[PDB]
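**Q** Per my numbering, residue 29 is the first one in the sequence shown, and the count goes up by one each step. Here a beta-carbon is modelled for each residue, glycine too, at the ideal position from N, C-alpha and C. Quick one: the structure is below, and I'll ask about it shortly.
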Amino acid sequence: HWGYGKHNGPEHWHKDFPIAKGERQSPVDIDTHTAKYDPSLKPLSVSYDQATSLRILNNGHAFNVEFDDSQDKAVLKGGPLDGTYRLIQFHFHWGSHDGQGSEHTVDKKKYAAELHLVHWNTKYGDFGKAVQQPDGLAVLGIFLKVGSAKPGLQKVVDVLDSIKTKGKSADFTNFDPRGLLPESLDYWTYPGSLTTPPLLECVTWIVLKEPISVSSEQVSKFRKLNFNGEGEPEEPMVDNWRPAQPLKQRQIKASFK
Ligand SMILES: [Cl-]
Ligand SMILES: [Zn+2]
Numbered sequence: 029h030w031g032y033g034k035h036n037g038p039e040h041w042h043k044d045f046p047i048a049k050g051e052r053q054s055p056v057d058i059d060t061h062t063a064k065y066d067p068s069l070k071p072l073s074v075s076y077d078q079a080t081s082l083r084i085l086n087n088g089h090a091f092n093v094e095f096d097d098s099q100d101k102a103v104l105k106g107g108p109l110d111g112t113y114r115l116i117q118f119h120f121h122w123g124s125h126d127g128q129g130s131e132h133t134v135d136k137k138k139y140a141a142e143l144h145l146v147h148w149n150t151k152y153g154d155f156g157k158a159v160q161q162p163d164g165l166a167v168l169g170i171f172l173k174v175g176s177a178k179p180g181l182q183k184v185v186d187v188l189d190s191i192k193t194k195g196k197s198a199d200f201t202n203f204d205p206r207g208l209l210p211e212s213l214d215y216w217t218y219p220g221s222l223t224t225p226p227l228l229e230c231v232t233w234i235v236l237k238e239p240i241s242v243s244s245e246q247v248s249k250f251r252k253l254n255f256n257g258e259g260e261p262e263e264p265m266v267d268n269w270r271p272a273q274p275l276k277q278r279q280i281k282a283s284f285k
């Protein structure tokens, strides 16, 4: 089974998932000098007022906050997207220390972590059908940098102690993901893939320019989670990120100059 270790980590995924060497893999390094301004890209429309969070789960790879995606007003649209995409879950990737942990990089700079807000294209009926199409999902990626604390993240970080091992979960209602967004919605966009197996090339990536600031203590709580199930010897959940992949024949566009 895949993981992030020496023997089952990202360098090994291609054996079970040959698309790992595909033409539209994620993440990627974003070169700010070559990314091209496209002043025809509409503002991003992020509507989370009626986002209805359900639970938080340690899935053995990261933790996912799951949403009720029948909420037809809880949607991402605009920007580079046609039609409407529904929020299903968000999760993070992070490092064994503050100097690494993001999946996308910006001019080769890695951030302490990266948040992914996963949405599926309503035109395909559900998430399971959408992942089989090239315009099936839209993932909103947001970098975390160490600085002042992020108040809207605190409810997430405080609940992690009770879901420390694989399989554990907690009810997690009335979490408002708007508390995780930076001031600015300027972004870079490119077509790419899920960054975990099955690595399907079904994602329009929308990566915000502006990181959110989280405190050193908040991010260190991510690192207290464990990959293993209860009753195995603790295996700290850190460095669950996939490194930058070849950009091949893709152009990264920017919503801003
Ligand atoms: Cl804290
Ligand atoms: Zn992710």
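Among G127, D163, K196, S81, which one has its Cα closest to the Cα of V231?
**A** Of the listed residues, the one whose Cα sits closest to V231 is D163.
**Q** If you measure from the CB of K192, is any heavy atom of ligand 1 nearer than 7 Å?
**A** It does not: the Cβ of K192 is nowhere closer than 7 Å to a heavy atom of ligand 1.
**Q** Is the separation between the beta-carbon of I234 and that of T217 shorter than 8 Å?
**A** Yes, Cβ-Cβ distance for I234 and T217 is below 8 Å.
**Q** Does the beta carbon of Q246 fall short of 7 Å from some heavy atom of ligand 1?
**A** Indeed, a heavy atom of ligand 1 lies less than 7 Å from the Cβ.
**Q** Thinking C-beta only, is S75 closer than 8 Å to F203?
**A** The answer is no: Cβ separation not under 8 Å.
**Q** Is it right to say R52 is buried, meaning 16 or more other beta carbons lie within 10 angstroms of its own, or is it exposed?
**A** Buried, by the Cβ-count rule.
**Q** Measure the beta-carbon distance from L213 to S221 and round it to whole angstroms, keeping in mind my assumption that it falls under 8 Å.
**A** Wrong, their Cβ atoms sit about 23 Å apart, outside the cutoff.
**Q** State yes or no: is the C-beta of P271 within less than 8 Å of the C-beta of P46?
**A** The answer is no: Cβ separation not under 8 Å.
**Q** At 3 residues or longer, and completely inside the segment 231-264: list those beta strand (DSSP E) runs for me, N to C.
**A** Those beta strand (DSSP E) runs which fall completely within the segment 231-264 and span 3+ residues are 231-236, 240-242.
**Q** State buried or exposed for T60, treating a residue as buried only when at least 16 other CB atoms are found within 10 Å of its CB.
**A** The residue in question, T60, is exposed, as its Cβ has fewer than 16 Cβ neighbours within 10 Å.
**Q** Measuring only the C-alpha atoms, how far is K252 from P67?
**A** Spanning the two alpha carbons is a distance of roughly 43 Å.
**Q** Is the number of C-beta pairs between the segment 132-147 and the segment 155-173 that are closer than 8 Å three or more?
**A** Cβ pair count under 8 Å is three or more, so yes.
**Q** Taking the beta strand (DSSP E) that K105 falls in, what are its first and last residues?
**A** 103-106 is the extent of the beta strand (DSSP E) around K105.
**Q** Taking C-beta to C-beta, are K237 and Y215 nearer than 8 Å?
**A** Taking 8 Å as the Cβ cut-off, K237 and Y215 qualify as a contacting pair.
**Q** My output table needs one value for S190: the three-state DSSP class, helix, strand or coil.
**A** Helix.
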